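Q: To be precise about what I am sending: the file is called protein33.pdb and holds PDB, C-alpha atoms and all ligand atoms.
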ATOM      1  CA  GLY A 566      84.090 122.000 105.913  1.00  0.00           C
ATOM      2  CA  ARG A 567      87.007 124.331 106.589  1.00  0.00           C
ATOM      3  CA  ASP A 568      87.957 126.961 109.143  1.00  0.00           C
ATOM      4  CA  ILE A 569      89.796 130.271 108.792  1.00  0.00           C
ATOM      5  CA  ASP A 570      93.154 128.472 108.839  1.00  0.00           C
ATOM      6  CA  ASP A 571      92.305 126.472 105.677  1.00  0.00           C
ATOM      7  CA  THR A 572      91.950 123.317 107.779  1.00  0.00           C
ATOM      8  CA  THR A 573      89.158 120.759 107.623  1.00  0.00           C
ATOM      9  CA  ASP A 574      86.957 120.633 110.720  1.00  0.00           C
ATOM     10  CA  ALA A 575      83.678 118.897 109.790  1.00  0.00           C
ATOM     11  CA  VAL A 576      82.951 116.166 107.240  1.00  0.00           C
ATOM     12  CA  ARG A 577      79.514 114.989 106.133  1.00  0.00           C
ATOM     13  CA  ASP A 578      78.882 111.256 106.247  1.00  0.00           C
ATOM     14  CA  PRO A 579      78.808 109.644 102.782  1.00  0.00           C
ATOM     15  CA  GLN A 580      76.990 106.682 104.340  1.00  0.00           C
ATOM     16  CA  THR A 581      73.988 108.092 106.211  1.00  0.00           C
ATOM     17  CA  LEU A 582      74.378 111.839 105.501  1.00  0.00           C
ATOM     18  CA  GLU A 583      75.136 113.387 108.880  1.00  0.00           C
ATOM     19  CA  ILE A 584      77.390 116.270 109.876  1.00  0.00           C
ATOM     20  CA  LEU A 585      80.367 115.069 111.911  1.00  0.00           C
ATOM     21  CA  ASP A 586      82.919 117.164 113.785  1.00  0.00           C
ATOM     22  CA  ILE A 587      86.622 116.347 113.943  1.00  0.00           C
ATOM     23  CA  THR A 588      89.094 117.534 116.547  1.00  0.00           C
ATOM     24  CA  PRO A 589      92.795 116.780 117.094  1.00  0.00           C
ATOM     25  CA  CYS A 590      93.872 115.048 120.274  1.00  0.00           C
ATOM     26  CA  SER A 591      96.707 114.667 122.763  1.00  0.00           C
ATOM     27  CA  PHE A 592      99.029 117.634 122.342  1.00  0.00           C
ATOM     28  CA  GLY A 593     101.589 118.432 124.996  1.00  0.00           C
ATOM     29  CA  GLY A 594     105.212 118.764 126.046  1.00  0.00           C
ATOM     30  CA  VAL A 595     106.162 116.626 129.023  1.00  0.00           C
ATOM     31  CA  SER A 596     107.707 118.596 131.876  1.00  0.00           C
ATOM     32  CA  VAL A 597     109.232 117.336 135.113  1.00  0.00           C
ATOM     33  CA  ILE A 598     109.434 119.084 138.492  1.00  0.00           C
ATOM     34  CA  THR A 599     112.362 118.523 140.830  1.00  0.00           C
ATOM     35  CA  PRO A 600     113.688 120.247 143.977  1.00  0.00           C
ATOM     36  CA  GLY A 601     117.228 119.823 142.729  1.00  0.00           C
ATOM     37  CA  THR A 602     119.070 116.554 143.208  1.00  0.00           C
ATOM     38  CA  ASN A 603     121.248 117.201 146.256  1.00  0.00           C
ATOM     39  CA  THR A 604     118.602 116.601 148.921  1.00  0.00           C
ATOM     40  CA  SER A 605     116.040 114.413 147.150  1.00  0.00           C
ATOM     41  CA  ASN A 606     115.311 111.948 144.371  1.00  0.00           C
ATOM     42  CA  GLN A 607     111.502 112.230 144.137  1.00  0.00           C
ATOM     43  CA  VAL A 608     110.075 114.219 141.242  1.00  0.00           C
ATOM     44  CA  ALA A 609     106.741 115.473 139.948  1.00  0.00           C
ATOM     45  CA  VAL A 610     105.475 115.090 136.385  1.00  0.00           C
ATOM     46  CA  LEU A 611     103.438 117.729 134.550  1.00  0.00           C
ATOM     47  CA  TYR A 612     101.609 117.360 131.239  1.00  0.00           C
ATOM     48  CA  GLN A 613     100.994 120.532 129.242  1.00  0.00           C
ATOM     49  CA  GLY A 614      97.322 121.253 128.647  1.00  0.00           C
TER      50      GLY A 614
ATOM     51  CA  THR B 961     100.769 133.008 108.034  1.00  0.00           C
ATOM     52  CA  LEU B 962     102.531 129.897 109.311  1.00  0.00           C
ATOM     53  CA  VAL B 963      99.400 127.781 108.967  1.00  0.00           C
ATOM     54  CA  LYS B 964      98.711 129.042 105.441  1.00  0.00           C
ATOM     55  CA  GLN B 965     102.350 128.439 104.506  1.00  0.00           C
ATOM     56  CA  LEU B 966     102.060 124.853 105.746  1.00  0.00           C
ATOM     57  CA  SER B 967     100.017 123.819 102.689  1.00  0.00           C
ATOM     58  CA  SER B 968     102.317 125.174  99.974  1.00  0.00           C
ATOM     59  CA  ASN B 969     103.695 123.161  97.074  1.00  0.00           C
ATOM     60  CA  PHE B 970     107.318 124.271  97.623  1.00  0.00           C
ATOM     61  CA  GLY B 971     108.157 123.384  94.037  1.00  0.00           C
ATOM     62  CA  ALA B 972     107.337 119.727  94.666  1.00  0.00           C
ATOM     63  CA  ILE B 973     104.818 117.477  92.920  1.00  0.00           C
ATOM     64  CA  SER B 974     102.090 117.688  95.590  1.00  0.00           C
ATOM     65  CA  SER B 975     101.307 119.312  98.925  1.00  0.00           C
ATOM     66  CA  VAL B 976     100.370 116.193 100.934  1.00  0.00           C
ATOM     67  CA  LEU B 977     103.035 113.681 101.918  1.00  0.00           C
ATOM     68  CA  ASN B 978     100.354 110.997 102.260  1.00  0.00           C
ATOM     69  CA  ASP B 979      99.731 111.170  98.514  1.00  0.00           C
ATOM     70  CA  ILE B 980     103.467 111.192  97.776  1.00  0.00           C
ATOM     71  CA  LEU B 981     104.130 108.045  99.798  1.00  0.00           C
ATOM     72  CA  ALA B 982     101.345 106.156  98.025  1.00  0.00           C
ATOM     73  CA  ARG B 983     102.118 107.492  94.545  1.00  0.00           C
ATOM     74  CA  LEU B 984     105.514 105.844  93.984  1.00  0.00           C
ATOM     75  CA  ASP B 985     108.384 104.020  95.683  1.00  0.00           C
ATOM     76  CA  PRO B 986     110.372 105.590  98.543  1.00  0.00           C
ATOM     77  CA  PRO B 987     113.455 106.051  96.313  1.00  0.00           C
ATOM     78  CA  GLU B 988     111.441 108.412  94.096  1.00  0.00           C
ATOM     79  CA  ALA B 989     109.451 110.072  96.898  1.00  0.00           C
ATOM     80  CA  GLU B 990     112.454 110.950  99.062  1.00  0.00           C
ATOM     81  CA  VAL B 991     113.302 113.849  96.726  1.00  0.00           C
ATOM     82  CA  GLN B 992     109.868 115.404  97.212  1.00  0.00           C
ATOM     83  CA  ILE B 993     110.046 114.761 100.953  1.00  0.00           C
ATOM     84  CA  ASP B 994     113.436 116.474 101.130  1.00  0.00           C
ATOM     85  CA  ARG B 995     112.135 119.494  99.234  1.00  0.00           C
ATOM     86  CA  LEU B 996     109.159 119.739 101.599  1.00  0.00           C
ATOM     87  CA  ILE B 997     111.352 119.480 104.675  1.00  0.00           C
ATOM     88  CA  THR B 998     113.768 122.165 103.452  1.00  0.00           C
ATOM     89  CA  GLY B 999     110.928 124.546 102.657  1.00  0.00           C
ATOM     90  CA  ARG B1000     109.148 124.027 105.956  1.00  0.00           C
ATOM     91  CA  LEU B1001     112.388 124.420 107.910  1.00  0.00           C
ATOM     92  CA  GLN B1002     113.045 127.702 106.104  1.00  0.00           C
ATOM     93  CA  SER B1003     109.576 128.967 106.988  1.00  0.00           C
ATOM     94  CA  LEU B1004     109.921 127.950 110.637  1.00  0.00           C
ATOM     95  CA  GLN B1005     113.308 129.665 110.902  1.00  0.00           C
ATOM     96  CA  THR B1006     111.889 132.878 109.461  1.00  0.00           C
ATOM     97  CA  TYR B1007     108.934 132.789 111.848  1.00  0.00           C
ATOM     98  CA  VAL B1008     111.159 132.340 114.890  1.00  0.00           C
ATOM     99  CA  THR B1009     113.526 135.115 113.804  1.00  0.00           C
ATOM    100  CA  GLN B1010     110.585 137.497 113.440  1.00  0.00           C
TER     101      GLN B1010
HETATM  102  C1  LIG C   1      72.671 103.790 102.273  1.00  0.00           C
HETATM  103  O1  LIG C   1      72.475 102.381 102.105  1.00  0.00           O
HETATM  104  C2  LIG C   1      71.647 101.799 103.124  1.00  0.00           C
HETATM  105  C3  LIG C   1      71.613 100.312 102.860  1.00  0.00           C
HETATM  106  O2  LIG C   1      70.648  99.985 101.869  1.00  0.00           O
HETATM  107  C4  LIG C   1      70.261 102.441 103.105  1.00  0.00           C
HETATM  108  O3  LIG C   1      69.492 101.921 104.183  1.00  0.00           O
HETATM  109  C5  LIG C   1      70.370 103.955 103.229  1.00  0.00           C
HETATM  110  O4  LIG C   1      69.090 104.552 103.064  1.00  0.00           O
HETATM  111  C6  LIG C   1      71.329 104.504 102.178  1.00  0.00           C
HETATM  112  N1  LIG C   1      71.491 105.941 102.331  1.00  0.00           N
HETATM  113  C7  LIG C   1      71.462 106.796 101.303  1.00  0.00           C
HETATM  114  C8  LIG C   1      71.247 106.191  99.947  1.00  0.00           C
HETATM  115  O5  LIG C   1      71.602 108.005 101.460  1.00  0.00           O
HETATM  116  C1  LIG C   2     124.026 119.208 149.684  1.00  0.00           C
HETATM  117  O1  LIG C   2     123.518 119.661 150.944  1.00  0.00           O
HETATM  118  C2  LIG C   2     124.432 119.473 152.035  1.00  0.00           C
HETATM  119  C3  LIG C   2     123.711 119.908 153.288  1.00  0.00           C
HETATM  120  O2  LIG C   2     123.800 121.314 153.476  1.00  0.00           O
HETATM  121  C4  LIG C   2     125.714 120.260 151.780  1.00  0.00           C
HETATM  122  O3  LIG C   2     126.638 120.001 152.829  1.00  0.00           O
HETATM  123  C5  LIG C   2     126.321 119.861 150.441  1.00  0.00           C
HETATM  124  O4  LIG C   2     127.441 120.688 150.148  1.00  0.00           O
HETATM  125  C6  LIG C   2     125.287 119.991 149.327  1.00  0.00           C
HETATM  126  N1  LIG C   2     125.843 119.541 148.061  1.00  0.00           N
HETATM  127  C7  LIG C   2     125.607 120.160 146.900  1.00  0.00           C
HETATM  128  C8  LIG C   2     126.260 119.560 145.692  1.00  0.00           C
HETATM  129  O5  LIG C   2     124.897 121.158 146.828  1.00  0.00           O
END
Please lay out the structure from this file as structure tokens.
Ligand SMILES: *[C@@H]1O[C@H](CO)[C@@H](O)[C@H](O)[C@H]1NC(C)=O
Ligand SMILES: *[C@@H]1O[C@H](CO)[C@@H](O)[C@H](O)[C@H]1NC(C)=O

A:
Amino acid sequence: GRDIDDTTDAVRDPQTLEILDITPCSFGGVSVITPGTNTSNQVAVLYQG
Amino acid sequence: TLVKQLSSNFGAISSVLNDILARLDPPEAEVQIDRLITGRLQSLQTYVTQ
């Protein structure tokens, strides 16, 4: 099974013949929040999506 | 266009690096890997310039 982007998205089970969906996981660029360094050393961490 | 380009041969022996790794030894798969990486870098550069 393929989508518009020529990428597989659903594969039928060769064992018991069922339709199974697949989906990629865990995408994101780590970002860090800080109020500068002069007056603090405590930061906040953000994960993208 | 980028996604479609991703699955090109780029003058190599196959379009999936998983097959290339399992087909032969690393000394004879590094050439194909290098060709793939050059092609994909070219495509990415063109996309970003556009
Ligand atoms: C797959 O093999 C199992 C084990 O015998 C069987 O129960 C099942 O019906 C089989 N499914 C098929 C042949 O589609
Ligand atoms: C940090 O803040 C203090 C308090 O105003 C100031 O005196 C100092 O110049 C600041 N240093 C920097 C590097 O911003």

Q: Could you list, as a short mmCIF file (atom, residue, chain, number, x, y, z; two decimals) with C-alpha atoms, in the frame of the given file, all residues that come within 9 Å of ligand LIG 1 (chain C)? Count only C-alpha atoms and all ligand atoms.

A:
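Listing of part.cif after writing:
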data_model
loop_
_atom_site.label_atom_id
_atom_site.label_comp_id
_atom_site.auth_asym_id
_atom_site.auth_seq_id
_atom_site.Cartn_x
_atom_site.Cartn_y
_atom_site.Cartn_z
CA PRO A 579 78.81 109.64 102.78
CA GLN A 580 76.99 106.68 104.34
CA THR A 581 73.99 108.09 106.21
CA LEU A 582 74.38 111.84 105.50
#

Q: To one decimal in Å, tell me the separation between CA of residue 998 (chain B) and CA of residue 961 (chain B).

A: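 Straight-line distance from CA of residue 998 (chain B) to CA of residue 961 (chain B) works out to 17.5 Å.
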
Q: Using all atoms listed in the file, find each residue with an atom at most 10 Å away from ligand LIG 2 (chain C) and format the answer as a PyMOL selection string.

A: chain A and resi 601-605

Q: Taking all atoms listed in the file into account and nothing else, which residues of chain A lie no more than 10 Å away from chain B? Please answer as a ChimeraX atom specification.

A: /A:569-572

Q: Grab the CA of residue 613 (chain A) to CA of residue 585 (chain A) distance for me, in Å with one decimal place.

A: 27.5 Å

Q: Which residues are near residue 590 (chain A)? Cut-off 12 Å, all atoms listed in the file, ignore same chain within fewer than 3 positions. Put them as a list in words.

A: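 Residues meeting the cut-off are residues 587, 593 and 614 of chain A.
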
Q: Excluding residue 576 (chain A) and residues on its chain fewer than 3 positions from it, collect all residues at most 7 Å away from it, counting only C-alpha atoms, and give them as a list in words.

A: residues 566, 584, 585 and 586 of chain A

Q: Can you patch up region 585-603 of chain A, filling it in to N, CA, C and O atoms, and show the result as a PDB file, in the coordinates of the input?

A:
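Output (result_15.pdb):
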ATOM      1  N   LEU A 585      79.489 115.581 110.873  1.00  0.00           N
ATOM      2  CA  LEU A 585      80.367 115.069 111.911  1.00  0.00           C
ATOM      3  C   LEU A 585      81.514 116.040 112.144  1.00  0.00           C
ATOM      4  O   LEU A 585      82.115 116.543 111.190  1.00  0.00           O
ATOM      5  N   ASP A 586      81.814 116.296 113.412  1.00  0.00           N
ATOM      6  CA  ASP A 586      82.919 117.164 113.785  1.00  0.00           C
ATOM      7  C   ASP A 586      84.184 116.348 114.005  1.00  0.00           C
ATOM      8  O   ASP A 586      84.135 115.203 114.461  1.00  0.00           O
ATOM      9  N   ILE A 587      85.324 116.952 113.682  1.00  0.00           N
ATOM     10  CA  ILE A 587      86.622 116.347 113.943  1.00  0.00           C
ATOM     11  C   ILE A 587      87.443 117.312 114.782  1.00  0.00           C
ATOM     12  O   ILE A 587      87.267 118.532 114.711  1.00  0.00           O
ATOM     13  N   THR A 588      88.342 116.754 115.592  1.00  0.00           N
ATOM     14  CA  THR A 588      89.094 117.534 116.547  1.00  0.00           C
ATOM     15  C   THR A 588      90.381 116.798 116.887  1.00  0.00           C
ATOM     16  O   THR A 588      90.322 115.617 117.260  1.00  0.00           O
ATOM     17  N   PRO A 589      91.533 117.453 116.784  1.00  0.00           N
ATOM     18  CA  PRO A 589      92.795 116.780 117.094  1.00  0.00           C
ATOM     19  C   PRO A 589      92.902 116.492 118.580  1.00  0.00           C
ATOM     20  O   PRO A 589      92.207 117.083 119.408  1.00  0.00           O
ATOM     21  N   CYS A 590      93.788 115.560 118.916  1.00  0.00           N
ATOM     22  CA  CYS A 590      93.872 115.048 120.274  1.00  0.00           C
ATOM     23  C   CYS A 590      95.316 114.976 120.744  1.00  0.00           C
ATOM     24  O   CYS A 590      96.245 114.848 119.943  1.00  0.00           O
ATOM     25  N   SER A 591      95.485 115.066 122.066  1.00  0.00           N
ATOM     26  CA  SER A 591      96.707 114.667 122.763  1.00  0.00           C
ATOM     27  C   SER A 591      97.924 115.460 122.276  1.00  0.00           C
ATOM     28  O   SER A 591      98.840 114.938 121.639  1.00  0.00           O
ATOM     29  N   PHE A 592      97.904 116.747 122.595  1.00  0.00           N
ATOM     30  CA  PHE A 592      99.029 117.634 122.342  1.00  0.00           C
ATOM     31  C   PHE A 592      99.628 118.073 123.667  1.00  0.00           C
ATOM     32  O   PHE A 592      98.902 118.508 124.566  1.00  0.00           O
ATOM     33  N   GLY A 593     100.946 117.966 123.788  1.00  0.00           N
ATOM     34  CA  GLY A 593     101.589 118.432 124.996  1.00  0.00           C
ATOM     35  C   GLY A 593     103.061 118.110 125.095  1.00  0.00           C
ATOM     36  O   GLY A 593     103.527 117.096 124.570  1.00  0.00           O
ATOM     37  N   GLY A 594     103.802 118.976 125.780  1.00  0.00           N
ATOM     38  CA  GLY A 594     105.212 118.764 126.046  1.00  0.00           C
ATOM     39  C   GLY A 594     105.408 118.357 127.497  1.00  0.00           C
ATOM     40  O   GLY A 594     105.050 119.097 128.413  1.00  0.00           O
ATOM     41  N   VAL A 595     105.977 117.168 127.685  1.00  0.00           N
ATOM     42  CA  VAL A 595     106.162 116.626 129.023  1.00  0.00           C
ATOM     43  C   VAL A 595     107.165 117.480 129.782  1.00  0.00           C
ATOM     44  O   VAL A 595     108.239 117.812 129.266  1.00  0.00           O
ATOM     45  N   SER A 596     106.816 117.846 131.008  1.00  0.00           N
ATOM     46  CA  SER A 596     107.707 118.596 131.876  1.00  0.00           C
ATOM     47  C   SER A 596     107.789 117.900 133.223  1.00  0.00           C
ATOM     48  O   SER A 596     106.832 117.264 133.671  1.00  0.00           O
ATOM     49  N   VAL A 597     108.942 118.028 133.866  1.00  0.00           N
ATOM     50  CA  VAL A 597     109.232 117.336 135.113  1.00  0.00           C
ATOM     51  C   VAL A 597     109.653 118.358 136.160  1.00  0.00           C
ATOM     52  O   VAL A 597     110.415 119.284 135.866  1.00  0.00           O
ATOM     53  N   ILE A 598     109.136 118.197 137.374  1.00  0.00           N
ATOM     54  CA  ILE A 598     109.434 119.084 138.492  1.00  0.00           C
ATOM     55  C   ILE A 598     110.402 118.370 139.420  1.00  0.00           C
ATOM     56  O   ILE A 598     110.208 117.191 139.735  1.00  0.00           O
ATOM     57  N   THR A 599     111.441 119.078 139.855  1.00  0.00           N
ATOM     58  CA  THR A 599     112.362 118.523 140.830  1.00  0.00           C
ATOM     59  C   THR A 599     112.884 119.613 141.754  1.00  0.00           C
ATOM     60  O   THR A 599     113.087 120.757 141.319  1.00  0.00           O
ATOM     61  N   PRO A 600     113.079 119.301 143.037  1.00  0.00           N
ATOM     62  CA  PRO A 600     113.688 120.247 143.977  1.00  0.00           C
ATOM     63  C   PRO A 600     115.207 120.132 144.004  1.00  0.00           C
ATOM     64  O   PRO A 600     115.825 120.034 145.067  1.00  0.00           O
ATOM     65  N   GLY A 601     115.820 120.143 142.830  1.00  0.00           N
ATOM     66  CA  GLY A 601     117.228 119.823 142.729  1.00  0.00           C
ATOM     67  C   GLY A 601     117.438 118.335 142.939  1.00  0.00           C
ATOM     68  O   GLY A 601     116.500 117.551 143.066  1.00  0.00           O
ATOM     69  N   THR A 602     118.710 117.944 142.978  1.00  0.00           N
ATOM     70  CA  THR A 602     119.070 116.554 143.208  1.00  0.00           C
ATOM     71  C   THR A 602     119.819 116.332 144.509  1.00  0.00           C
ATOM     72  O   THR A 602     119.901 115.186 144.964  1.00  0.00           O
ATOM     73  N   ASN A 603     120.360 117.387 145.116  1.00  0.00           N
ATOM     74  CA  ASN A 603     121.248 117.201 146.256  1.00  0.00           C
ATOM     75  C   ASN A 603     120.524 116.569 147.435  1.00  0.00           C
ATOM     76  O   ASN A 603     121.070 115.684 148.104  1.00  0.00           O
TER      77      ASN A 603
END
